[PDB]
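**Q** So that we are looking at the same thing, I have put the structure below in structure tokens.
Here the Cβ positions follow ideal geometry from the backbone for every residue, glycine too, while neighbour counts run over all protein chains shown. What follows is calculated from the coordinates using simple rules that are stated; it is not laboratory data.
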């Protein structure tokens, strides 16, 4: 027998629970943990094919694809409004969220070890067969609504609409045509195979996913409940719920569910999030001025002038100037040589 | 809470946006984020086999091989012109770019989840057989318009060259051939299977690729966007695009789309790259003379007549006089310099 | 001049399969913005 010690001063965590916790404002950056989930979006056909796409075709052809929503998982979003960190200020170092850790996960395996209600039979005397046939687990969350870049190949493909697919087909669309740039601002809109990050246009989202080819791929899961993911970086900063409104993203192709005739349809599933949060300081740059200017713009119309900047030029001129030069030899200097022989 | 907490004395972006930025004035470290990307070169049959190759042969022979371009990816390359730090620069310290981070990524798969559209019905009431196979995603980044090194089997082949293959067709061309040394200095021309690093020379390029042989071989990604790879080393360097022009280099075989006919043909896809650049300062490393020789003589004529030059010499002797000294009693010596000291040899 | 020369892809100007440069140097006491703004043609439209 030996002696007993401590407990500690505890950053309170009276606050507790689900969605309720949002409700207020609290003592400095205290910090909080959040349990939610967002469900799947397979573009599904059913409520039996809940967490599943519709069974699939094998072929069609380039020229000939146009599905319907039902085999078309689109991203699972929800935009999550968090209460403030920001409300009667002007200026100063203001606060955005930097939410510190999350574990979130595509949730729901154990039942799919059933192949004895059938699945599709493996063969032999052998029972059903699982689900599997490539899988993607991915998510990205960002404090921004997500700039996508749609990618098709086969721009002689077709598909519907709210199945917001990469928009504007070209040969180039097959290796993306500049367009197809989108914004995640609709729970399940962008069928996942159609949209791709306009990623470096999404700094303030962090994505990770692996799409996991082969052609049946045995999956593996790891419920070692301890990985912690910190929502930071090299500076130790994550995405910012700048807008304390959150664009949450994932795709988690659980695999292909082998509907009984080898009809396969995806199983994709719901995601969970357990979100460890903190109140973070930035520096207002949002002040009055910006409003003022804001103001004027509404206050205006929008006249159809004529266009002379960017791609519409008839303005010919951007140069900086600069304070009293001495007397260089010349002021025209090639800062990239242009080799063509050289 | 919200709060005027000391809000990080973060760096200073000044502007960003593409190409326009280059033109800029000077600001020491200076450093930059390149969000580029390259489209693939597959032998790209067309606008649909735009980013994909032509299909391929199946049981053959060296002998039974003439290539033609379409199936032939060659590596994708570029001179990216890079700013000149040195336009004015006149100091005895020299600035150069030294190359700091890339997080690049082969980009935009998502259509390729078609088990549909001609994806050879594997069977069942399940789907197709889409793409896949081996994949090689690779890139090399050079500072240089690099040393390639050609690799051929099959010098019973009948190869193209727009898809500039290596030349030379010894047995030894089938193993190393020290002559199939080349140099990538060409968009879609080194067909990939044909060419290999002359890595003995590749020292001022960094490449990373992992060629991933195998029948269908799965693509397992990662889509992080949250940790670069850094282009430094012991001496903190990557390629040296000494070249303020950029040698860009790549191959990204996604695998092969398998048509319903098993028309299999490589599929390649574009890579995005995200580069971090700084200004590194050096010494002089090379002298005036070595330079001078140029201007001068270059904006000039040649003089050579009866032959002297070389060795064809109505030239006569090259020796060393010099000094005035007592009397070595061999003085019609043969006076040398072993090189480091004086060799003094004769027959007398 | 002395250099050898090549063909590749056009990564600049119009013909750029590059996308972007993001100028750094200096510092600053961390604003709010996780981007840049300037004109109300940046910010506005």
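**Q** Is it true that residue B:83 is within 12 Å of chain A (Cβ to nearest Cβ), farther than 24 Å from residue A:237 by Cα and in contact with a helix residue (DSSP H, G or I) (Cβ under 9 Å, 6 or more places away or on another chain)?
**A** Yes, satisfied.
**Q** Here is a follow-up. If a residue must be under 24 Å from the mean Cα position of the chain (by Cα) and either within 8 Å of another protein chain (Cβ to nearest Cβ) or free of Cβ contacts under 8 Å to residues at least 12 places away in the same chain (or both), how many such residues does the range A:34-64 contain?
**A** Summing the residues that are under 24 Å from the mean Cα position of the chain (by Cα) and either within 8 Å of another protein chain (Cβ to nearest Cβ) or free of Cβ contacts under 8 Å to residues at least 12 places away in the same chain (or both) in the range A:34-64 gives 1.
**Q** So is residue C:26 within 7 Å of chain B (Cβ to nearest Cβ), under 17 Å from the mean Cα position of the chain (by Cα), surrounded by fewer than 20 Cβ atoms within 10 Å (Cβ to Cβ) and over 30 Å from residue B:188 (Cα atoms) or not?
**A** yes
**Q** Just to be sure before I move on: is residue A:302 in a loop (DSSP other than H, G, I, E, B), within 14 Å of chain B (Cβ to nearest Cβ), out of contact with any strand residue (DSSP E or B) (no Cβ under 9 Å at 6 or more places or on another chain) and over 18 Å from residue B:20 (Cβ atoms) in the structure I sent?
**A** no
**Q** If I filter the range B:149-157 for residues that are touching a helix residue (DSSP H, G or I) at 6+ places or on another chain (Cβ under 9 Å), in a strand (DSSP E or B) and more than 9 Å from every other protein chain (Cβ to nearest Cβ), do I get at least one hit?
**A** yes
**Q** Another question, then. If you go through the range A:210-245 one residue at a time, how many are without any contact (Cβ under 8 Å) to a residue 60 or more places away in the chain and crowded, with 16+ Cβ neighbours inside 10 Å?
**A** 0
**Q** Let me ask something additional. Conditions first: (1) touching a strand residue (DSSP E or B) at 6+ places or on another chain (Cβ under 9 Å); (2) in contact (Cβ under 8 Å) with a residue 12 or more places away in the chain. Residue A:16 passes all but one, so which condition is the exception?
**A** (2)
**Q** Name the strands (runs of 3 or more DSSP E) wholly within the range A:66-147 that hold at least 1 residues that are within 22 Å of residue A:258 (Cβ to Cβ) and over 15 Å from the mean Cα position of the chain (by Cα)?
**A** A:135-142
**Q** Okay, moving on. Across the range A:305-317, which residue is nearest to residue C:39 (Cα to Cα) among those that are loosely packed, with under 10 Cβ neighbours inside 10 Å and under 36 Å from the mean Cα position of the chain (by Cα)?
**A** The residue in question is A:310.
**Q** Looking at the range A:173-246, what strands (runs of 3 or more DSSP E) fall wholly within it and have at least 3 residues that are closer than 26 Å to residue B:114 by Cβ and at the interface with chain B (Cβ under 10 Å from one of its Cβ atoms)?
**A** Ranges flagged: A:195-197, A:205-212.
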